[PDB]
Every structure is written in structure tokens, then in C-alpha cells.
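A short worksheet on the structure shown next.
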Amino acid sequence: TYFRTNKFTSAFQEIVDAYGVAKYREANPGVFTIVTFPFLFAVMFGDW
Amino acid sequence: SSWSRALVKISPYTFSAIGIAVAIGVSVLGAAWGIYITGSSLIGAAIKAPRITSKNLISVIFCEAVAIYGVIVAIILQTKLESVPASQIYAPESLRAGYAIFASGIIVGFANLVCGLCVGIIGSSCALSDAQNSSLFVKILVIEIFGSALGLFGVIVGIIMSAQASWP
Amino acid sequence: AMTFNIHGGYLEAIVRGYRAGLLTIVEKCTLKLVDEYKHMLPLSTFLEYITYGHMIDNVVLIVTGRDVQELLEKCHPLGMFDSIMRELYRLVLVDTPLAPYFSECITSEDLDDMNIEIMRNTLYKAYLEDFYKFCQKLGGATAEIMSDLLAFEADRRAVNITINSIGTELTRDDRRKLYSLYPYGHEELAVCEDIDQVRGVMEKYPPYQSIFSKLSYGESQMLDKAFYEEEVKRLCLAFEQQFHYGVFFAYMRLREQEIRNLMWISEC
Amino acid sequence: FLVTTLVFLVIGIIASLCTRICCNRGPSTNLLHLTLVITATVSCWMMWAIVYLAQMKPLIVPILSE
Amino acid sequence: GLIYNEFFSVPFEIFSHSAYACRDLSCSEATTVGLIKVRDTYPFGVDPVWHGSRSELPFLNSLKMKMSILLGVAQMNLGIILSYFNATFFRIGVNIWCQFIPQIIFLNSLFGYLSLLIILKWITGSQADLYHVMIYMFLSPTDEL
Amino acid sequence: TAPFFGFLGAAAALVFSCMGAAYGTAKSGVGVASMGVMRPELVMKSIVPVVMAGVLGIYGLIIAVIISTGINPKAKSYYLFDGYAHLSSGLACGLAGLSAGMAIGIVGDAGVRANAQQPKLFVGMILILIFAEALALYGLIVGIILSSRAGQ
Amino acid sequence: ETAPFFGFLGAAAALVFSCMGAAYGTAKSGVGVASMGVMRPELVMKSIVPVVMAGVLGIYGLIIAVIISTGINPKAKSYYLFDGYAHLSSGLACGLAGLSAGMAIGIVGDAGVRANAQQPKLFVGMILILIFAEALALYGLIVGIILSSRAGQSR
Amino acid sequence: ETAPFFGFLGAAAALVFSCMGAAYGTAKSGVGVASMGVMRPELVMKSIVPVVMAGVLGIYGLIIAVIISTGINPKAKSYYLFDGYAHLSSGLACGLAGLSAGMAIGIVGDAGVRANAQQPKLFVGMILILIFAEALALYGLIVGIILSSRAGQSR
Amino acid sequence: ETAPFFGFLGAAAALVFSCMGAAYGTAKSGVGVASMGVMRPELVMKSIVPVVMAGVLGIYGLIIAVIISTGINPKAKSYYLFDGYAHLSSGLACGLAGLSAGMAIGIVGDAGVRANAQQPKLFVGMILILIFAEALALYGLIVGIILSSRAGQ
Amino acid sequence: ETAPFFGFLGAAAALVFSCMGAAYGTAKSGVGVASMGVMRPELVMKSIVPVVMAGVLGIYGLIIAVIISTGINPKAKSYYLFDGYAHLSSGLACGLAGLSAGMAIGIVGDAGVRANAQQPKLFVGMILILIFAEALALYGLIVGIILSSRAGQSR
Amino acid sequence: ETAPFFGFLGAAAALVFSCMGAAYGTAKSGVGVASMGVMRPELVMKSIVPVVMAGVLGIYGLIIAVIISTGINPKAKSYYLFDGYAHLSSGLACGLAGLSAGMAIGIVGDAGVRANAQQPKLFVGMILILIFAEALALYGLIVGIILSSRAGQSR
């Protein structure tokens, strides 16, 4: 099974799913990483 | 310190003579190697056909020109020698002259070796090319003549360095 | 680089001149080429391997008997040298590179070398052993040519197996177990049971792509002719023969191809 | 410092109100949006807290090059 | 980048005027016992003077290392916490309490001493620790001292 | 006393440069003969890459000439700095020329074969070879700059 | 003192190693370009990018050498042994990094050019690989510049 | 007096060896990617992971070198031979670890690029192997950081 | 006075040699693992046992390096040559043992990948061989720790 | 004076040589047993003897090195250069003997794996060869112990 | 004086070289014997004679090492530089002779395993080569003992 993908969340979900899938309603780390990856990749390139 | 002092206290005349001899030796070795390289191809072509002996002889002459230049440089270096007086055996002029002689000899020998190797390879290729077709002999000979200029440039550099000898 | 002038230069020049001069008449030309090769006697091992190339087929032919005495009529020194039926096979196991391996691989003798198909299998195994031995002597640009030739032989054997020899137990496993990128990626031809499938398998190698083409010719023949004909067509690459490199094998192959062309000429 | 700490928290509440107004179309959709807003606010506030605690009472003073 | 107080590889005007001011030093060199005296901390970003100073490298390196350690601790804590939620959502067995709790507790406690030491040094201004003596305190496995 | 190193720099600069020049010219020449066996016209124009390789020797020769002229002992007191600088300047020029020629020889040898196959790609081979040959010019610039530091 | 005898040696070694790496890269790049263009002359122009990418290392090495040479001036200040040693270290580091980057770029570019005509996606893949390789050369140049700048104090 | 020479040499060696290891890894990964991507466009981007995984080691080495260079400050403290020895040891350890990690990562990445055309189920295993190998770079960086921290405490 | 110039070098050499041995083992282990996963993706995850065990050598080397670094305490006691030389020797021994163990583990894993691919029934034997190989690394680490413990003159 | 340098060097050399020999022997044994692990897994379990023998040789070398290290007590009795030289010689001898025995046992086991796979009747011969090989390691350990004991006789 | 710095080192090196030679010979002989036993299990037990004969080198080396170690005793009498140099020379000669004998015996046994496997008639006769090798080893040991007997000749 696959969790429903929104118009904007689809890209992040696809990027995260490159590690695999889960059960019909199991854990979906994409929900946290949709903002976590922007919340961490910013530091490595911080320059306004 | 003590080892450094001993190293700085080496006789410059020995180094100068070593360089002078090494120039001629390296020139002779390079010329012989180039001559052998050209001669293998020349003999192969002659076995195939003896028609191009005159064309092939140019490569041998060019290879021997390196030995001739080396011999001339060695004669010049021998002329550059002096009496090596005991008082000035460690004088700055004597040390400078010995270092210049060694540098000139090394440069001449290395340049002669490189030019001989290049000329030998070029002639070995050119003999086979001429055996394949005599029409290409002119371009191959021109390329060999152009490549032979390395020895002339090295000899010029050595001659320029030879003016630095000032042994009392 | 200086080793060429150190040794082998005269032999290389003689070989180059002989090749440049090259272009019962077929038999006479073959005899002349064989005499030229023999008169030429590091490079000794290369010459031995080149001779063993055809000597494997010569020994396979001599392994018969069954009108075995007729083998003396084709005693061409290029490939049918005397120096290169299990009792006689053990004696013939000497003085050949592939013979010691074939002694164990073809220990069944005529059982594994039946003249219908299994003799071709033994010949293919011997050719594979000889190709491996030749590839072992690495150090020159001829490794690519040897790999291409071995790949062509293996692919032709696989195509023949998939075409009709599959019924002769030449299955997908036998495409490499008995039928001699191929040394690493030959598994793609195990399922090429069709001409379209053969073209698709050839598509895995862009250089091999479009080589099969319609496959009406070349691939139409069995044994080792399918991809070997591709190598024959592409032999113009071998015609380059850059200098200061081992070109004795190239000259021998060119002479063999010229002899084959003269034979194919025949009565126009 | 502590005043700015409430400022970051207060900024999230207004953002929380906007998120609720926007995502009221979907209850489970709103629940997901609230998590994203809270995570973003927490991450930004933590980064600012690190940047402020580092320079609050420096152990080493800055020397300037010539 | 706004947090880092660096814009296009150049500082600019922070929300404050100047975080650190040269203690006296109307003509004295920056490298001095007085050095620079800070009136107050710039809230928007790092001190503008620190970026272009000679001491830019050590202070910035220490701050970046501490921030990286804290961020890694936070990410690991969030990942470990997600395990209980996943176990409850999938109604997993007692294995969560059996294994997820010690797994999320051991690493958390192990990094907790370092994180708390970093915070205290940042909070209490224990300059007797700095970037190095924190690791030095963490280095000793034995008791006493 | 120190001037021994300075004198050695000029000799090393020419020796190491010619060592790479001969290697580049040999590889370039061999390919030219191979192309000249069949393609008669292409070989004559292809000699430019060999001519390009031979230029590197001239660049090294000029660099050697400058070093020799600057080692006048009776003119100015050649301190250890002058000897060290001249030796360093020669070392860079000789080493760079050796590498630059080696690339030209490798590139030129393939270029002769490529031109003999498809004459269209002749322009592309020249462009790559010209770009590679710029390294010898780059080494020449460094040699002049280093040698210019003999003021004190 | 004897500090210039090491500082100038390091400055020369930087350029020497950078040129060696650039030549090692360019030889492989040219061989691959010729091999690719033998069969598909159209992609020859697109295959020349790695050659320039490798050649940029020569410019970087020349800049580092110029900086090192300008960093030594006995008439300005007494170049103590620390300054010469630091300059030599910077030169050696920059040269070795340039040589390694050149060798890697040459290998990668030769492989990509050999694979260039097989698929047009190589035109992007090899470019990305060359950029990732030149990143190391840029990092080495930055480190060398930092070391050369730090060499100026010498107490 | 001679200690700053040792320290600068250690920093330069760290940078150079890290650059060499990263270059070797990047060249191996580039050869593998050029071989793999001819058949399929998947290797163009989905398998470009080792290309940056190897440059991460070079970035770590550059960071360690910058830290070591900033460690030396004669105007602030007259460094004894202890500081030079510690800096040289830290630089050597960092550079050797970087070279080892670069070689291992290059070999593993070449193997993974070759296996990319095989069953894609092995991508997770290849990534895990690459991460386990790259852990050596982090270990070396930690060792270098510890050595640099202990370096300045000379009596 | 020159003791730290030996002790720090010994610690760095220990770390470097341990890392080199770990990388040498891990290269062969990863090559074999990739080959097996291409041949049989089912056991790819379970075949990372030598790959995982390779990092143990690096961890031990890092621990030994940390211990050696903590050994050099000039403020605590004037470091005589008798302590620096002992520390350097301990580091050299630990590094050489780690390199040897890494090479052995790499060879064992390269063999065992193919062995398990042909038949997974030899996984127990492969694990036993790997444990026997790692026993050498454990002995080397113990010897290095014991030698470093003798820094009291 | 400098005797502790010699003693520590000898102990380290002993440990290193013993570890290298054990590693070579274990690698050869594993290479041999790789085939037996598939050809006849039933006999593969009994095939682990050479690995155990190599581990035993390594353990003996480590024990000798530990004894040598424990023999160095500077605070109890001053270590003259004679004792240090004797200890270093003992360590070198033990390490060389262990390395040679390990290499021989590894080769023997590599041959014996195939020998027993072909015919189970060769297990007795393999065991005898392994015992004969281990006798050399035992003799080396005894010689090292004797030398270590004699190392303290100076005055 | 610094006598054990050479005497003890030579005593250790004697056993080291003897062990290395015996290990090489035993490894070759064991490989040959394993091959022969694979060919025929009947000859495996009878073909261990060269393997046992190769073991005399270890006994001779151990005896020489014990004698040399007992020959060094500063408490009994001070040993000059000559007293240690002679012992070192004797040890080196004994070790080199043992290594040469071990290599020769290994080669001879490797040939003889196949020789006996083919023709049982020549199996017993081939032992002459092993006897000659053992005689050479014994002569070397005698020469070493004669050299070592001069320990007390100094004054």
C-alpha cells in the first residue's frame, strides 16, 4: 500500500520512498522528513 | 654540521672532471642507442628491399651527429681545464668553476641522450614508413631533422654555460 | 618502448614487409604463407600460441580413428604441425597449450567428442582453452582483439545452440559450459532463442548493436560463424596495425583471410 | 533572550491559527499541517538559541587582523 | 543564512548596532588583554565583528561543532521517539517496551552527559571548560578526579 | 659557495625539459609514420603536432639561457638566496615541460590515428592539443616570475 | 637565513606537481576524446569539456605559485624559518592536491568519453563527475591560500 | 624554532593525503558510473551517491587542515616542539585515514556501479556498505580533533 | 624533551594502520557482498557480517589512539623518554596487529561471500573463521593496552 | 639509559610478527576451507583445525610478548642496555618463528582442505603435518622464554 | 661492554633463521604429501619420512640457541666485544646453514612425493637426497658449535 500523496508532498514522499515501503498503515517517516530535510540541509548552506 | 662541513669540503676539481667525462659518456651512449634503433629498421628494410639504402643512411648520419656534437663539447670542456693550484683548491672561484663545469656536462649529456633516443625512434619509424611507401620519406626526414634540434639546443646551452669557467 | 629496438626489431620489420606484400592456387598460397611464417624462426611464445590456434583444430581432426590416414593430405605446417582413442590422446596431450586441460575436460574421448555434435563441443572447449591461454599473455593491445575473437566464437556458438542445437542438449547452461563483454556478460545470450532475441541481446553492447542487422547472412550459419562473421566484417580494424606492437598475429590472420577469400573465389 | 524566546513561541501561534484556518478543510490534513508548523518553529528556535547561547558570554574575545 | 549573520559572503547590519566593542583601544591593537568588551548580545545573528576578525575561525568552529552535536542529539531523540508511536500505531507486541525503551534510553543517556555539559558551558559561561576541557572531562572513564 | 645550486638549476631546467620534449616528439613521430603508410596527404599536415611538441624544447632553452645570464659571479654577489631562487625557478620549468610534453606525446599519437580514420575530427584534436600545450606556457610564466625574484 | 631555500622549493614544487597532474589528466582526456570521435564526430565538441576542466587545475596551480612567490620579500621583512617552512608546506599541499585531482579527472574523463557516444546522458554524467572532481582541486587551492596567508605573520 | 615547520608540514600532509584519497575514490566511482550508465540512465543520477560520498572525505580533510592551520599562533603562544610534534601527528593520522577511506570507498563504489545493472534490491546493501566504509573518515576526523585539542596544552 | 615527538607519532601510526587494515578488509568484503547480492539479493542483508565486523578493528584503533593521547600528560608528570618510547611501541604494535587482522578478515570475507552464495550452509563456518581472525585483533588491542599501561617510570 | 626503547621495540616486533604470521595462516586456511564449505559441508566442520592451530600460535606469540613486557620493571631494578638488547632479541626471535610457523601451517592447511575433500583418509596425515608445524612454534616459544629469563642476569 | 647487543641478537637470529627454513621446507613437503595422499591414501603414512626428517632443523636450531644463550653470562665472567662477536657469527652461520638445508630438503621432498607416487621402486632410493641434506645441516651445526666453543678464549 501507499499513503496518499498531495500535489506538493509528492516529490518529498517519492524522495523518501527510495529506501522502501511499509505496511498498509505502518510508520511513514516521510511525514517528519518533509520538513526535517529542509530543517537540516539549510545549515550546510547558510548564507543570506 | 660536521657532516655538512665535510660535504662542503669536497674537492671541486673531482666533480668538474666527473661532469666533463660524463657528458662525453652519455652522449656516446645515446648516440649508440639511437644508431642501433635506426639500424634495426634499416636492416629490416634492406632485407625487404635494398632500394632505399641511401635514404636510410640519413638516419644513421643524423644519429652520429649527436656523437660528433658530444665529442666537440668534451673537447671544449677539456680545453676549459686549468692547473688546479693547491692554494686555490678551495677558493670560491675554483668551486664556482667546478660547479659550472659539472652542470654543463650533466646538461650536455642528458640533452644528448634525449636527442639520441628521439632520433633513433623517429628513424626506426621512418625506415618502416619508407618501406611501406617511398613517397613519405621526405616528410619523415623533415620530422627527423626537426627532432634532431634537441641535441643542438643542448650543445648551445652547454657552450653558454662553459663561459662560466674561471679556474685560476 | 626501447625494448623493441633492443630486440625483435628486424623480425618485426620483416613481418611488416611480408604483410604489406600480401594481398590448387589457394593451396599454393597457403603453402607459401606457411613457408614464410616458418622461415621467420619473447615472440617465440606468441608464435607458438598463434600456431596452436589452428593446431587445436588439426589435433581434433587427427583424433578421429575411421579414414584417419587422410589427415596427412592437409598437413599444412601453419596449423597441422606434427608436434601440435584416449591412449593416443594422452600422447598428444604434450606440446600443446589446450591439450592438458582437454585431457581432463574431454577424458571421455570419443564419448564426449562424437563426430555429429560432441566433436564440435570438444573443439569449442579446446578453442576456449587456447583463447584463455592467449589472453593470459597480456601486455599488449592484442588483448582486445583476442577478447573480440573469443567473444565472437562464444556468441556464434550460443546462436547456433539456440537456433537448432538446443535439441542437441546445447541448452542455456551449455551456452557457456560446452560452447566455449562475453567473458563477463555472456548470460544475456542464454535466452536469445530467436533472431529478434539475438538482436536484442546484441543491443546490450552498442558496438555489437546493428552488427547483426537483419541477420539474414552471417548469423544464418551454425557452429562458430554467426558472430565470427561479424569479426570478419570488422577485421578492417585489424588492418590498422599500429607500429611498435605485436602484429604477427594480425599478419597471420590477414594471410588466413586472404587464403579464404582466394578459396571462395575458385571458378569466379 | 527570554523575551525573544516568547517571540518565537508567539510567532508559531499566529502561524498555528493561519494553519488551522487554511487546513480546516481536512481534519487529518490539519493534524499533519500542525506537526509541520510545530517542527519548523522548534527547529528555527533551536538554531537561534544555539546562535545566541554561543555569543551570550564568550570565553574567547575576538582579535582583529591587521 | 539570516541566523548566521552572513549575506553573500559578507556581514551586514544586525538587529543591534554592535555586539562587541573594543575595550578602550582608541588606538591600541585588537590583540590585547582588554580585547573587545561586549555591551550586549546581538539577537538577530552572530556578532558582526567576530566574522571578520582573526579569531573568527576558533569561535565559529566551536559554535558550529556545538550546534551540530545538539542537532544530531535532537534528530536521534526524535527518531527514537518515533519508535513508540510506530509500535502503537501498528499495535506491535511487548517488544517495544522490551527493546525500544532501552534502545532509546541508552544512547539518549550516553549523549546526555555531553549535551548537558555543552549547555551548562554555554549557560553558566564555564570558561574553564571551553570546547576542549569538555571532551577532557568526558575522556576519563574512571571515577574520582 | 651556494652558487653551485644556482648553476645546477639552469642545467636541470634544460635537461628535464628536453627529457619530456623527446618523449613527446617520439610518440608524436611514431603515429605520424603510421598514418603516412596509407594516408599520404594527411601525414604532411599532421606534422604540426610534432612541431608543437618541439616548441617546448625552445621554451626550456630560453628559460635556461636566462638562468645562465643571471649567475654572473663577478658582477654581483650571488648570495644563497639567488642560488636557491635560480634552482627553484629551473626546477619548476624543467618539471612542467616534462609533463607538458608527455601529455602532448600521448595526445598527439592518438590524434594521428584519429585523423587517419575520420578527417573531420582533425580540428577537435588540434584544439585539445593546443589547450594541453598551454601548460608548458604556464610553466614558462612561473619560471620568469621565480627568476625575477633575484633582486636580493 | 636558509628559509628561502625551502620556501622557493615549495613554491616551485606546487607548480610542478600541478602541471604534472594537469598533464596526466589531459593525456587520458585526449585519448578518450579521440576514441569517441573516431566513430561519432558530432559529439567531439561536447566531449572536450573535461579537457578544459582538467586544464583549469593548471591555472589554479599557477595562481598558487604566483601567490607563494609574491609572499616572499626579504627587502620587506626578515623571512624567518617559520615563514619559509609554512610557504613550503602550502606549496607542497597545493601541488599534491592538484596532481591527485588531475589524475582523477583524467581517469574519469577518459572513461566518460569512451562511454560518451553510447548514451547522450553521458554528456551530463561526465560533466557532473568532472565538477565533483574539480571541487577537490578548489578545496586544495583554498587550503593553500589559507596556509600562505597564515605564513605572513611569523611572530 | 623548527617546530612550526613540523606543524605546517603535518597540516599540508593531512590536506594532500586527504585530497589524494578523495581523488582516487572519485576516479574509481567515475569509471564505474561511466561503465554503468551507458546501458541505462538510472546510473546517471540514482547511482551518483558515491560521487559525493567520496568528496565528503575530502571536505572533512579540508576542515581538519583548516583547524590545524588555525591551531598555530606564534604571536599568541611561543610553540615548543611539543606543539609541532602533536600537529604533525594529527595531520599524518588525518591524511592516512582519508587516503584509506578514499581507496575503500572508490573500490566499493566501482563494485556497486558495476552491480547497478543487476537486481536493484542490492542498492540498499551497497549504500549500507558505503556508509560503513565512510565511517572510517569520521573516526579519523575524531582522532585528529582529539589530537588537535590536546596539542595546545604544552608546558 | 623528545618523548612526545615519539608518543604522538606512535598514536597517529596506530590509528593510521588500524584504518588501513580495516579499509583493506572492507574492500574485499564489500566486493564479495556486492557479488553475492547481484547473484542472490535474498541474503544480501545477512551477508554484511564481515563488512560490519571490519569496523570493529577501526573502533579498537580509535580507542587505542584515544588512550595513547590521554597517556601524554606533561603537566601531570615530566614525560621522560621511557614513557614516550613505550607509548610509541604500543601504538606501533596495535596498528600492525590491526592491519594484519584486517587483511586476514578481508581474505576470509572474500572467500566466504562466494562460499555462502554457492551454499548458505557454510555461514556458521564463515562466522567461526571470522571470529578466529578477530581474535588476533583482540589480542593485539590487549597487548597494546598492557604496554601503554607501563608509562610509570 | 635507552634500554627501554630496545625492550619496547622488541616486544612490539614480537607482537607484530606473531599477528602477521597468524593472519597469513588464517587467510590461507580460510581460502582452503572455502571449497570444503560447499563440496562437503559435513566434513567442513572438522576442517576448522588449521584455523585453531593458527590462533594457538598467535596466542603463544602474544603470551611471550606479554611476558617480555612484564619483565620490564624500571622502578624495581635499573634496566641496563644488556637486558634491553636481550629482551629485544628474544622478541624478534619469537616473532620470526611465529610468523614462519603460521605461514607454513597456513599453506599446509590450504593444501589439506582439498586433500581431505578428495579423500577423507588424508585427515590423519593433515593432522600429523599440522602437529609437526606447531612443534616449530612451540620450540620458538621455549627459546623466547629462555632468553627472557636470561635477560635479567646482567649487573 | 656492549657484547649482548650483538651476541644475544645473533643467538636469537640463529633460531629465527632455522625456524624459517624448517617452516618453508615443511610447508613444501606437506603440500607434496597432501597431493600424494589425495592421489593415493596408502602412501600417505609412508611418505611422512621427509616431513619428519625436515624437523631435525628445528632441533638443531634450538640446541644452538640454548648453547649460545648459556654462553652469555656476565656474572660468571665479563664478555668483551670479541666474546659476543664470535657467538653472533656462530649463530648467524648456524641459522643460514639451517635455512639452506631446510629449503633444499623441502624442494627434494616435494619432488620425492611425486617420485614415490609414480614409481614405488625409487621411493626408498630417493631418500639419499634427504640424507645428504641432513648431513649438510649436521655439518653446519658442527661448524657453528666449533665457532661457539671459542667463548672463553678471550682475555
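Residue numbering restarts at 1 in every chain; chains get A, B, ... in the order shown in the C-alpha cells, and ligands count up from 1 in that same order.
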List the spatial neighbours of range 59-73 of chain I as a VMD selection string - criterion: any atom at most 8 Å away, only C-alpha atoms, same-chain residues fewer than 5 positions off excluded. (chain E and resid 139) or (chain H and resid 139 to 140 143 146 to 147 150) or (chain I and resid 4 7 to 8 11 to 12 14 to 15 18 to 19 79 84 87 91 94 to 95 98 141 144 to 145 148 151)
Counting only C-alpha atoms, what is within 7 Å of residue 118 in chain B, bar same-chain residues fewer than 3 positions away, as number ranges by chain? B: 114-115, 121-122, 147; F: 22-23, 25-26
For range 95-110 of chain E, please output as a ChimeraX atom specification all residues within 8 Å (counting only C-alpha atoms; exclusion window: fewer than 4 positions along the same chain). /E:73,77,80-81,83-84,87,114
Just want the 7 Å neighbourhood of residue 95 in chain K, counted on only C-alpha atoms, with same-chain residues fewer than 2 positions away dropped. Output as a PyMOL selection string. chain K and resi 13-15+17-18+91-93+97-99
Let's have the selection written as a PDB file, in the first residue's frame, with C-alpha atoms.
```
ATOM      1  CA  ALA K  13      68.732 -14.888  14.790  1.00  0.00           C
ATOM      2  CA  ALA K  14      70.114 -18.433  14.667  1.00  0.00           C
ATOM      3  CA  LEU K  15      66.842 -19.894  15.933  1.00  0.00           C
ATOM      4  CA  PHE K  17      66.565 -18.466  10.571  1.00  0.00           C
ATOM      5  CA  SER K  18      66.479 -22.171  11.430  1.00  0.00           C
ATOM      6  CA  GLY K  91      74.695 -18.131  15.418  1.00  0.00           C
ATOM      7  CA  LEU K  92      74.477 -16.487  12.002  1.00  0.00           C
ATOM      8  CA  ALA K  93      76.371 -19.351  10.361  1.00  0.00           C
ATOM      9  CA  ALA K  97      73.057 -23.279   7.157  1.00  0.00           C
ATOM     10  CA  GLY K  98      69.764 -24.400   8.676  1.00  0.00           C
ATOM     11  CA  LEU K  99      67.776 -22.223   6.280  1.00  0.00           C
TER      12      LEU K  99
END
```
Atom pair CA of residue 137 in chain H / CA of residue 26 in chain H: separation (Å): 14.9 Å
Separation of CA of residue 119 in chain C from CA of residue 155 in chain C in Å: 18.4 Å
Which polymer residues have any atom within 7 Å of an atom of range 56-59 of chain H, counting only C-alpha atoms, with same-chain residues fewer than 3 positions away left out, as JSON, numbers by chain? {"G": [136], "H": [18, 19, 22, 52, 53, 62, 63, 98, 137]}
